[PDB]
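Raw contents of query.pdb, PDB, C-alpha atoms (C1' of nucleotides):
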ATOM      1  CA  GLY C 351       5.373 -19.118  20.585
ATOM      2  CA  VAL C 352       3.449 -18.462  17.350
ATOM      3  CA  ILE C 353       2.299 -21.061  14.807
ATOM      4  CA  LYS C 354       2.743 -19.760  11.222
ATOM      5  CA  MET C 355       1.734 -20.795   7.701
ATOM      6  CA  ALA C 356       2.240 -19.079   4.323
ATOM      7  CA  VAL C 357      -1.395 -18.175   3.653
ATOM      8  CA  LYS C 358      -3.357 -15.369   1.999
ATOM      9  CA  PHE C 359      -7.122 -15.047   1.974
ATOM     10  CA  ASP C 360      -8.646 -15.048  -1.528
ATOM     11  CA  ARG C 361     -12.446 -14.481  -1.314
ATOM     12  CA  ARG C 362     -12.847 -16.256  -4.685
ATOM     13  CA  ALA C 363     -11.890 -19.568  -3.011
ATOM     14  CA  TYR C 364     -14.871 -19.332  -0.640
ATOM     15  CA  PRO C 365     -18.630 -19.389  -1.200
ATOM     16  CA  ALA C 366     -20.430 -16.062  -0.715
ATOM     17  CA  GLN C 367     -21.005 -15.134   2.945
ATOM     18  CA  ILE C 368     -18.574 -17.854   4.165
ATOM     19  CA  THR C 369     -15.228 -16.885   5.699
ATOM     20  CA  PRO C 370     -12.418 -18.479   7.732
ATOM     21  CA  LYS C 371     -13.144 -15.940  10.527
ATOM     22  CA  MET C 372     -16.772 -17.115  10.623
ATOM     23  CA  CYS C 373     -15.743 -20.793  10.607
ATOM     24  CA  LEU C 374     -13.276 -20.191  13.448
ATOM     25  CA  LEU C 375     -15.866 -18.267  15.504
ATOM     26  CA  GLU C 376     -18.297 -21.180  15.033
ATOM     27  CA  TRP C 377     -15.661 -23.796  15.888
ATOM     28  CA  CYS C 378     -14.775 -21.987  19.144
ATOM     29  CA  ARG C 379     -18.469 -22.004  20.027
ATOM     30  CA  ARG C 380     -18.842 -25.770  19.401
ATOM     31  CA  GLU C 381     -15.581 -26.570  21.271
ATOM     32  CA  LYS C 382     -16.710 -24.357  24.187
ATOM     33  CA  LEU C 383     -13.590 -22.160  23.793
ATOM     34  CA  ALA C 384     -13.321 -18.388  24.410
ATOM     35  CA  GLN C 385     -13.713 -16.423  21.098
ATOM     36  CA  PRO C 386     -10.829 -15.525  18.737
ATOM     37  CA  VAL C 387      -8.887 -12.373  19.586
ATOM     38  CA  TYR C 388      -7.065 -10.590  16.766
ATOM     39  CA  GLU C 389      -4.109  -8.184  17.174
ATOM     40  CA  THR C 390      -3.507  -6.307  13.896
ATOM     41  CA  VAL C 391      -0.363  -4.284  12.939
ATOM     42  CA  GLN C 392       0.579  -1.790  10.130
ATOM     43  CA  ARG C 393       3.636  -1.515   7.766
ATOM     44  CA  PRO C 394       4.834   2.020   6.752
ATOM     45  CA  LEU C 395       6.513   0.575   3.563
ATOM     46  CA  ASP C 396       3.572  -0.507   1.274
ATOM     47  CA  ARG C 397       0.899   0.201   3.941
ATOM     48  CA  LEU C 398       0.675  -3.571   4.481
ATOM     49  CA  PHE C 399      -0.992  -5.508   7.341
ATOM     50  CA  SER C 400      -0.541  -8.674   9.421
ATOM     51  CA  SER C 401      -2.580 -10.180  12.278
ATOM     52  CA  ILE C 402      -1.980 -12.512  15.213
ATOM     53  CA  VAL C 403      -5.024 -14.500  16.360
ATOM     54  CA  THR C 404      -5.186 -16.017  19.849
ATOM     55  CA  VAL C 405      -7.276 -19.210  20.258
ATOM     56  CA  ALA C 406      -7.016 -21.558  23.276
ATOM     57  CA  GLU C 407      -4.032 -19.489  24.614
ATOM     58  CA  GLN C 408      -2.053 -20.255  21.380
ATOM     59  CA  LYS C 409      -1.093 -17.569  18.839
ATOM     60  CA  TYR C 410      -1.395 -18.036  15.036
ATOM     61  CA  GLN C 411      -0.147 -15.758  12.224
ATOM     62  CA  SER C 412       0.490 -15.909   8.489
ATOM     63  CA  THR C 413       4.105 -15.513   7.321
ATOM     64  CA  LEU C 414       2.672 -13.261   4.548
ATOM     65  CA  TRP C 415       1.341  -9.682   4.551
ATOM     66  CA  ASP C 416      -2.023  -8.373   3.287
ATOM     67  CA  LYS C 417      -3.526  -5.193   1.791
ATOM     68  CA  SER C 418      -5.975  -4.646   4.708
ATOM     69  CA  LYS C 419      -6.639  -5.359   8.402
ATOM     70  CA  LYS C 420      -9.686  -7.539   7.574
ATOM     71  CA  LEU C 421      -7.745  -9.581   5.004
ATOM     72  CA  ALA C 422      -4.864 -10.063   7.518
ATOM     73  CA  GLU C 423      -7.331 -11.301  10.126
ATOM     74  CA  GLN C 424      -8.813 -13.805   7.623
ATOM     75  CA  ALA C 425      -5.249 -15.089   6.920
ATOM     76  CA  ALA C 426      -4.659 -15.550  10.677
ATOM     77  CA  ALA C 427      -7.968 -17.486  10.942
ATOM     78  CA  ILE C 428      -6.824 -19.704   8.053
ATOM     79  CA  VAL C 429      -3.551 -20.467   9.938
ATOM     80  CA  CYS C 430      -5.584 -21.359  13.046
ATOM     81  CA  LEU C 431      -8.047 -23.607  11.210
ATOM     82  CA  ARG C 432      -5.599 -25.151   8.726
ATOM     83  CA  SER C 433      -2.837 -25.884  11.268
ATOM     84  CA  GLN C 434      -5.484 -27.866  13.190
ATOM     85  CA  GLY C 435      -6.824 -29.613  10.046
ATOM     86  CA  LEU C 436     -10.239 -27.947  10.519
ATOM     87  CA  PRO C 437     -12.696 -27.407   7.603
ATOM     88  CA  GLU C 438     -12.135 -23.582   7.022
ATOM     89  CA  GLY C 439     -15.038 -23.856   4.486
ATOM     90  CA  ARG C 440     -13.623 -23.928   0.941
TER      91      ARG C 440
ATOM     92  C1'   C D   1      -8.568   3.278   8.876
ATOM     93  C1'   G D   2     -12.800   4.468  11.555
ATOM     94  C1'   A D   3     -17.867   5.734  11.871
ATOM     95  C1'   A D   4     -22.741   5.906   9.894
ATOM     96  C1'   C D   5     -26.045   3.403   6.302
ATOM     97  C1'   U D   6     -29.673  -0.566   3.977
ATOM     98  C1'   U D   7     -29.395  -5.907   2.298
ATOM     99  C1'   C D   8     -27.650 -10.909   3.647
ATOM    100  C1'   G D   9     -25.642 -15.243   6.932
ATOM    101  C1'   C D  10     -24.295 -17.623  11.966
ATOM    102  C1'   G D  11     -24.843 -17.219  16.886
TER     103        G D  11
ATOM    104  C1'   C T   1     -19.493 -11.399  14.783
ATOM    105  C1'   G T   2     -18.803 -11.818   9.672
ATOM    106  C1'   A T   3     -20.000 -10.715   4.128
ATOM    107  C1'   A T   4     -21.556  -7.648   0.099
ATOM    108  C1'   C T   5     -23.345  -2.245  -0.734
ATOM    109  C1'   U T   6     -23.225   3.142  -0.719
ATOM    110  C1'   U T   7     -22.052   7.791   2.319
ATOM    111  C1'   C T   8     -19.097  10.892   5.618
ATOM    112  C1'   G T   9     -14.750  12.189   8.052
ATOM    113  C1'   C T  10      -9.749  11.591   8.746
ATOM    114  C1'   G T  11      -5.684   9.309   6.958
TER     115        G T  11
END
Produce structure tokens that represent the structure in this file.
Amino acid sequence: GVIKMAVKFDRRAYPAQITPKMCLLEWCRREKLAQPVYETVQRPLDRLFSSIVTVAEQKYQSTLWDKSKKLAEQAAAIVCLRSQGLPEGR
RNA sequence: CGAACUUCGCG
RNA sequence: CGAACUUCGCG
């Protein structure tokens, strides 16, 4: 049901002002698809986060956990872009 | 985490 | 929408 990859967003790997979430939003626009929908969840252990992104009725999620909601969403966008072999920026 | 606040970038 | 920046409140 969900496509997963072991990915973590590291801002240092991307030029300033460029993000996987932005790239995905732009790709959906060009492909005339909806708009990504993110469902984010919290861990009571280390106060860790994960996110499931829905694009073209398919769900994507990293196998890894992140320090914040925003970082988890970026990881989910990476899974979506990368699993499709899409640019994702840098 | 959320909200407010300026700056920046794409629609 | 998204990024950086401070502030507030709660957590």
Interface residues on chain C facing chain T, 9 Å, all atoms listed in the file, written as a list in words: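 My answer is residues 366, 367, 368, 369, 371, 372 and 375 of chain C.
For residue 355 in chain C, the non-local neighbours within 6 Å, defined as residues at least 3 positions apart in the same chain or in other chains and counting all atoms listed in the file, are residues 412, 413 and 429 of chain C.
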Can you translate the PyMOL selection byres ((chain C and resi 389-395) around 12) into the concrete residues it hits in this file, as a PDB file with C-alpha atoms (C1' of nucleotides), keeping the file's coordinate frame?
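Written file, expr06.pdb:
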ATOM      1  CA  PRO C 386     -10.829 -15.525  18.737  1.00  0.00           C
ATOM      2  CA  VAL C 387      -8.887 -12.373  19.586  1.00  0.00           C
ATOM      3  CA  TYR C 388      -7.065 -10.590  16.766  1.00  0.00           C
ATOM      4  CA  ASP C 396       3.572  -0.507   1.274  1.00  0.00           C
ATOM      5  CA  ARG C 397       0.899   0.201   3.941  1.00  0.00           C
ATOM      6  CA  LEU C 398       0.675  -3.571   4.481  1.00  0.00           C
ATOM      7  CA  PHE C 399      -0.992  -5.508   7.341  1.00  0.00           C
ATOM      8  CA  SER C 400      -0.541  -8.674   9.421  1.00  0.00           C
ATOM      9  CA  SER C 401      -2.580 -10.180  12.278  1.00  0.00           C
ATOM     10  CA  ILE C 402      -1.980 -12.512  15.213  1.00  0.00           C
ATOM     11  CA  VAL C 403      -5.024 -14.500  16.360  1.00  0.00           C
ATOM     12  CA  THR C 404      -5.186 -16.017  19.849  1.00  0.00           C
ATOM     13  CA  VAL C 405      -7.276 -19.210  20.258  1.00  0.00           C
ATOM     14  CA  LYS C 409      -1.093 -17.569  18.839  1.00  0.00           C
ATOM     15  CA  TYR C 410      -1.395 -18.036  15.036  1.00  0.00           C
ATOM     16  CA  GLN C 411      -0.147 -15.758  12.224  1.00  0.00           C
ATOM     17  CA  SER C 412       0.490 -15.909   8.489  1.00  0.00           C
ATOM     18  CA  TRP C 415       1.341  -9.682   4.551  1.00  0.00           C
ATOM     19  CA  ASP C 416      -2.023  -8.373   3.287  1.00  0.00           C
ATOM     20  CA  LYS C 417      -3.526  -5.193   1.791  1.00  0.00           C
ATOM     21  CA  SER C 418      -5.975  -4.646   4.708  1.00  0.00           C
ATOM     22  CA  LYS C 419      -6.639  -5.359   8.402  1.00  0.00           C
ATOM     23  CA  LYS C 420      -9.686  -7.539   7.574  1.00  0.00           C
ATOM     24  CA  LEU C 421      -7.745  -9.581   5.004  1.00  0.00           C
ATOM     25  CA  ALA C 422      -4.864 -10.063   7.518  1.00  0.00           C
ATOM     26  CA  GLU C 423      -7.331 -11.301  10.126  1.00  0.00           C
ATOM     27  CA  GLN C 424      -8.813 -13.805   7.623  1.00  0.00           C
ATOM     28  CA  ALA C 425      -5.249 -15.089   6.920  1.00  0.00           C
ATOM     29  CA  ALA C 426      -4.659 -15.550  10.677  1.00  0.00           C
ATOM     30  CA  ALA C 427      -7.968 -17.486  10.942  1.00  0.00           C
TER      31      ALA C 427
ATOM     32  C1'   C D   1      -8.568   3.278   8.876  1.00  0.00           C
TER      33        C D   1
END
What's the separation between CA of residue 356 in chain C and CA of residue 383 in chain C, in Å to one decimal place?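 So the answer is 25.3 Å.
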Work out how far apart CA of residue 432 in chain C and CA of residue 373 in chain C are and give it in Å to one decimal. 11.2 Å
Would you work out the distance separating CA of residue 407 in chain C from CA of residue 436 in chain C, expressed in Å to one decimal?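 Taking CA of residue 407 in chain C and CA of residue 436 in chain C, their separation equals 17.6 Å.
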So that all listed atoms of range 3-10 of chain D fit with 4 Å spare on each side, what axis-aligned box centre and edge lengths in Å, to one decimal, would you give as JSON?
{"center_x": -23.8, "center_y": -5.9, "center_z": 7.1, "size_x": 19.8, "size_y": 31.5, "size_z": 17.7}
